Structure formats: structure tokens, C-alpha cells
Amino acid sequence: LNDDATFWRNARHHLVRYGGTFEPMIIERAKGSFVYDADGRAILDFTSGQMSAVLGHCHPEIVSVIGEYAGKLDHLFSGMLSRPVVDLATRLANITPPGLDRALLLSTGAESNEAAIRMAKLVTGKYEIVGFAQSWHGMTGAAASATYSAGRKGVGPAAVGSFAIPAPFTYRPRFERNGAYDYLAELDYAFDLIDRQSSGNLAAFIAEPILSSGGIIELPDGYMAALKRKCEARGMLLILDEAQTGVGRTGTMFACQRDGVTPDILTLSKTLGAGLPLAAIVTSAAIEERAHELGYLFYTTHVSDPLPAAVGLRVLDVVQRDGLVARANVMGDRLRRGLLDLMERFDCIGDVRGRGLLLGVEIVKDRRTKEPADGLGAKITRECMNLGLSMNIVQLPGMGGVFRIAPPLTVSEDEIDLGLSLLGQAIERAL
């Protein structure tokens, strides 16, 4: 049973609470798109853990490579190169757009964003960073100052020079020009303000292609292109954080590929490691040269370590080989149509957005008022769990709670169906 008294004793006495509330189960094993409790019950992981497990739990190839490497090459002094590091770096250069040539292999998303932000400050000589008011870039330092989706309060002043602009949100537009939501005019309006407060030290803009923590908000068409134009005019670098979108999840290898705008620096993390801690930054040779001439430094205990790199390489090989990016469109299409059907059934479903296998469902009081449903989300989540479907909801000020759906790229048709089915039942049970 999940009701182990010692287990729970020990958990209450010795774990630091870090947000949220522990599920009341003891996970004992994981495989593919499911996690199992102590009773053996199978729970469908519709979030890929913490949005990372792109190939599902314990994929045999990964299992196999972790294996080879753990007994052969594990961790090395930062100045020592090995084959997996060089192969992964090369691989990343080749599959990202032209213009992205050089990589730095790290451990976490926050490290990746820091490394990027540091390079951009060095290279430009400036220090002001601009991000979205609904961003999520990580909890450590700079990444944290650039994070506006949560954690700003009660912890003292943020980094000097941090500005934020509102992110384009089509579902609840707030900026109108001639009777229509004009998101590009909004962009212009936001930049003008920035321009007014800057001390003349704009160094970069950090953005997510699809704001995940922010409520699965997709930057609309033409946005990115205009964004990049705003940056160019001001001599700012554009850093794209693809922690959640990279590695096939939205139907393209990288989300930037859809828009056709290649950033100055690209950061990857969650999905690169497929569950393990691996992260990276990819930049142009020009930028790297300059940062080097300038004395750029970024040391971490695990930069360029063999084991993690080996793993990331294997992840890319699988994704490529098995056509997982394509699968993401097909499965994503399947899931999306099902969610639409749900929306036909229940008025509480106010919106279904996202791309590929990175979908959001905004729950609302009523489809016309678009009033956020107070407490329903949590019911729904609860019931899901009872029904065996792992979900994650996010609630932001001014918005209805949002379900972040993001199954493994290896998810099967049946699992998509099962999930859709349990989701329906949970909602019906919750009203």
C-alpha cells in the first residue's frame, strides 16, 4: 500500500517543502507512458514527468547507453574532452538552423539560461535584460530575475536592469487597434516604454516560443519576426529558451524552425536530457569568437561530462531515427481533436491551445464571460488522479486554470485515447 507509515513519517520529518503538495502515493516503478504506485496501479503520465521524458520512462535505448557509459566514462575534469561531448556538440550544430554552430554542454535549464545571459552581456557590453511578464526561465540568479511567472515576491530586489513586457495572449486580448487585437502594435507600445526606462544598456531579450509555465501561450504569427527586428534595431541579442519546446515536441525539431526566425543564442534542457540532467546553449561562431576574445568563462562541475552527453546523443538518434517529430504531429492531432470534442461536451472548457504534443486547456466558469473557474480545476485534477491520469494545472492571475498536457513523443494511440477517456470522466465527475 501507499499508506506506509514509516515512509510517510520520514517524509514529513525530513523533507523540505518546496511548493505544491506531495501526491499521496509512493511511486515504485515507471515504464513508457506510465508510472506505478505501491499498489501496482498504473498511472498515465500525461506530463512526461516534469515535462521532460520525451521518450517515456526507462526507454531501453537510454537504459542501454546509461549502462555502457556508467562503467566506461563518467565524469572528467572540465578541460578534458571526450567523444560524446564533441559528437553531441557537432550533432547540435547540424540539426539546428544555419547560424547556430557552437555548443556548451551543461546540466540544467537555469544554467543554460545563465550561460546565455552572461555571454550576451559580455559580448554587448550592456546589462539590461528584457523578458515576458509571464516567463519561466528557472530559479537560479539571472534566469530567476528574467522569470516573471512566479517567485518574485518576498525574496528581495531582483537583478538590476530587468524589464518585462506583456506577452501576446490571443485568448484574452487587451490591446486593440481599430477594433482588433493588434499584437504587433502591442509590441511597439511595450518597446517604447522600455526605451523610456532603459539607461541605454539593452543587452538581450529572452523568450520562450510557447510560454509553458505562463499558461501554454503561443507567440502568434509574425510575432517572433517582429521581436527579432526590435532587438536588431537596438543592438540586442535574442535568446530563445526551448526547454520545453525543443527536441520535437511541437512538431518541428525546434520551435524556431516553424517561424523561421533563428535566435542569436538557443538554450535547451528538459527534453534534451529526456529525464536526466543535461542542458546546452547553441550560438553562432561569430558570437562565440567574440565572447572568447572577451574572456568569456562559465565553469560548472558537470560541463562537458561524458555520461550525460552520451545520453543526449542517444536521445537525438532515437528521435531522428524513429521519426518522433512527425509522430508528434500525428498524435498531437489526435489529442487535439479529442480535446475539442470534450469542449463540445462541457461548457467549462474555454480554450484548447498549444502545438504538437504541448497542449493547454483553459478551464472557465462560462464560455462567454470567460470567467476563471474558482476551484473546478482542482476538482478535475483530483478526479483524474483517482481515475489514474496524471495531470498538472497552472493558475495565473487573471486567467482560468490551465491544464498542461504533454505526453511522451512515444505515446501510443491507445494511451491517447485512454487519457482522453479518463479526462472526460473526471470532468463529468467534477461538476
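Numbers follow the displayed sequence, beginning with 1.
As recorded in the PDB entry, 366-374 is the stretch of 366-374 and 52-60 with the greater mean C-alpha temperature factor. Highest CA B-factor among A89, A280, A286, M224, as stated in the entry: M224. In this PDB entry, the Cα temperature factor of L418 sits in the middle third of its chain's modelled residues. Ranked within its chain, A406 lands in the lowest third, by CA B factor from the PDB record.
Compared with the other modelled residues of the chain, the Cα B-factor recorded for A310 ranks in the middle third.
Ranked within its chain, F46 lands in the lowest third, by CA B factor from the PDB record. Among the modelled residues of its chain, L268 has a C-alpha B-factor that falls in the lowest third, as given in the PDB entry.
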